[PDB]
Structure formats: C-alpha cells, structure tokens
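1. sequence first, structure after, both from an experimental entry:
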Amino acid sequence: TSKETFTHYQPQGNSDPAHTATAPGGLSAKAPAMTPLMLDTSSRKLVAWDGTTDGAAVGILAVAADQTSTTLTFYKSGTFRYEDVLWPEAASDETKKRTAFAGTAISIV
Amino acid sequence: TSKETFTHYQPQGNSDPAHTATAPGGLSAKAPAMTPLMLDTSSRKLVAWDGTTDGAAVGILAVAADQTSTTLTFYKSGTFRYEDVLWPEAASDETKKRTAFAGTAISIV
Amino acid sequence: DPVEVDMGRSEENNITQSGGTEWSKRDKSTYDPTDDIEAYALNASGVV
C-alpha cells in the first residue's frame, strides 16, 4: 500500500571541498539547514536571505538554529544542488536563484 | 525520546461472547471501527450514534467502514471497556455514556 | 475491511487495443499480427 522512496541525501553536487565557519547571527524566524543567508545592512548580523536583494547572499546554513542562537555555523565554501537547498519564496527567477551565490566560494549546480 | 509505551487492546470486558450481525450501512462521514451507532427515524437507516439522542444506541461497529460501504457488521452482545470505546464528543455525562446501552446485550465496563 | 494490493504495474504493461486499428479493422489476409506482438513484447523487462 504505502510507497516510501529510500533516497540518499545529496547536498553536494561537486567534489569541491566544503568548509564551515561560525559567525554571529540575527535570525528572526526558525530556519532549517540549507537556508540562504545575508547580512543585516545596519546590525551587520546574519539573517535568512530575503531572496530580493541582489548580491546580499553570503552563505548557506549548516545546522538549524533559532532566534536565541547568537552564534551559528554555515558553509563558506562548496557546491550545492539547486533542489536540495530551500529558498525564500521571494527569489522567483531561476537565473537569479542560480547566480545568487556568485562571486564567492558557494556555488550551485 | 518517543514514549510510545505499549498497551494491548482488549475491547472485550469479560467472557461474554461478541456476536456480530450485519445490516445496511449509511454513515455520512468516514468513521473507524468500534464506533457506536444509532437507528435513523426516516428510512430506518444506520449511522454512527450522535451522542445526543437518548437511548438511541443500537449497535457497535466491528469493521471500519465509510460512505461507500452500503452494509456493515457490528457486535451484538458482550461487555466493552469504557476506556476501550471511543465516543462522540456530544455525550459528556459519564453516567449517561455508561448507560447508553441500557436494556441491550451490549454493556459497558 | 477493503485493502489494496498495488504490485507497481506500469501502464506500459497494460496495453489495450484501443484505437481505430485494433486488430479487426486490419485485413486478416494482408496483416501480420507478429509485428503487434513484438511491439507489445519489447517492453517486457525479460524474455517471454
């Protein structure tokens, strides 16, 4: 009756090494891993990426955290998959979603 | 830390036999087995007991049925544990819920 | 209680002759059914 597919979790799509880094955060709502991140223009803390500002994307969340999480870890390097990364609903254009992490060590595939 | 525990289901209360009879079923909504039922007044049809009509209880469902199930079976006699029988929220008076099967081969325990 | 048993039959394994040229519209003297047989048998996932 029930049909559950046993699929492997594959966040990385490339052999390029991925590295974690710790930073202060200003997260406002609960966010799971693989969440895009950005710097608050005033407080200079880390929050979930809006999906609107161009180039504001900086990294991708490593471990899920709450508002009280003063320090959070995130991937500063590596290549990830366009489908295994959750996105803010604001980022609608496929090209913008693909190129949001341009110019840094975080890449999409 | 899921404390799912483990409790056996013993709907029977004593050595009284759980005889079953089958009658046409016309339940309006999806309901599981072991539900109380009453007899309608318009077409002498069978639906799950409302919990408000006094003395309306006639049968207790045996096998889970739904709207498409035109006919269903139900226990005729025995003793059923009050914690082991689900009830409509309409009936709240404990004494009335216990006495819902007065004069019938179905009894509460 | 009703229950379901879905072995996973892909629709390619339940072909039907539906269409305007099933088998009877074709002339028996002229047509060769073996082509239909092998066309149906190609997606069999094993030797039949």
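-> Received the coordinates, thanks. Numbering: from 1, shown residues only, chains lettered A, B, ... in the order given.
2. tell me the contacts of residue 14?
-> Looking at chain A here, since you left the chain open. Going by Cβ atoms under 8 Å, 6 or more residues apart in numbering or on different chains, residue A:14 touches A:78, A:79, A:107, A:109. C-beta here means a position set from N, CA and C on the backbone, and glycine is covered the same way.
3. the first one and residue A:106 touch, don't they?
-> Yes. At 6.5 Å, residue A:78 counts as touching residue A:106 under the criterion of Cβ atoms under 8 Å.
4. quick one: which of these two has more around it?
-> Neighbour count, other Cβ atoms under 10 Å in any protein chain shown: between residue A:78 and residue A:106, residue A:106 has more, with 23 against 19.
5. gap between that one and residue A:88?
-> 16 Å (Cβ to Cβ, to the nearest Å).
6. then residue C:7?
-> Plainly put, residue C:7 is 42 Å away from residue A:88 if you go by Cβ to Cβ.
7. same thing with residue C:22?
-> 54 Å.
8. go on, residue A:55?
-> Residue A:55 is 15 Å from residue A:88, by Cβ to Cβ.
9. more crowded one of these two?
-> Taking neighbours as other Cβ under 10 Å, residue A:55 and residue A:88 compare with residue A:88 leading, 17 against 12.
10. which residue packs closest to the more buried one, ignoring adjacent ones?
-> Take residue A:88 and drop its neighbours on the chain: the residue closest to it by Cβ to Cβ, 6 or more residues apart in numbering or on different chains is residue A:51, 3.3 Å away.
11. for the one you found, phi and psi?
-> Backbone torsions of residue A:51, given as degrees, to the nearest 10, read phi 80, psi 10.
12. quick one: residues contacting residue C:20.
-> Per Cβ under 8 Å, 6+ apart, neighbours of residue C:20: none.
13. correction: residue A:35
-> So, once contact is read as Cβ under 8 Å, 6+ apart, residue A:35 ends up touching A:48, A:49, A:60, A:61, A:85, A:86.
14. could you dump those residues into JSON lines and include secondary structure, neighbour count and distance to chain C?
-> Output for these, formatted as JSON lines (DSSP: H, G, I helix; E, B strand; the rest coil; neighbours: other Cβ atoms under 10 Å in any protein chain shown; distance: Cβ to the nearest Cβ, whole Å):
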{"residue": "A:48", "secondary structure": "strand", "neighbour count": "19", "distance to chain C": "40"}
{"residue": "A:49", "secondary structure": "coil", "neighbour count": "25", "distance to chain C": "41"}
{"residue": "A:60", "secondary structure": "strand", "neighbour count": "23", "distance to chain C": "37"}
{"residue": "A:61", "secondary structure": "strand", "neighbour count": "24", "distance to chain C": "37"}
{"residue": "A:85", "secondary structure": "coil", "neighbour count": "18", "distance to chain C": "31"}
{"residue": "A:86", "secondary structure": "coil", "neighbour count": "14", "distance to chain C": "31"}
